[PDB]
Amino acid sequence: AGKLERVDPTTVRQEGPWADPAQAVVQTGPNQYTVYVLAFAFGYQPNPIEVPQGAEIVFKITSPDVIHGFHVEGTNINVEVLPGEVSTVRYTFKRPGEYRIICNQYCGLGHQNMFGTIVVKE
């Protein structure tokens, strides 16, 4: 369906799975990692996102401020990030390297330079 759906935008940064960025990547299965991503103006947390190749990655993305976009360059990952809502996208990276995350939802003056990075390890 699935897990995360609704969240509180006012406390997302201090209580819960997105509050501590050191803990953003959580193993949730024998070959599966959940990554709690905060899309905010203007950037992504954590940065970089580090994940192993071949593992199913479950991205859980929300915003503490306005609507953003979460698009990973070179992939079909393309989702809307709404405040108060959790966007869930599942993906298995099968090539190591650095991927760029870009915002494709105009979110204010820093929109252009709102970028993130995912490093897929070997």
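We number the residues from 1 along the sequence you see.
request  = On mean C-alpha B-factor from the PDB entry, just flag whether 60 to 68 or 83 to 91 is the higher one.
outcome  = Taking the mean B-factor of the alpha carbons in each, 83 to 91 is higher.
query = Averaged over C-alpha atoms, is the B-factor higher for 38 to 46 or for 92 to 100 in this PDB entry?
reply = The stretch with the larger mean CA B-factor is 92 to 100.
task = Using the temperature factors in the entry, find which of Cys107, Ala22, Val12, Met114 has the highest value at its Cα atom.
result = Across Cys107, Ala22, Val12, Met114, the entry lists the biggest C-alpha B-factor for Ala22.
query = In terms of the CA temperature factor given in the entry, to which third of its chain does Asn76 belong: lowest, middle or highest?
reply = Answer is highest: the recorded C-alpha B-factor places it there.
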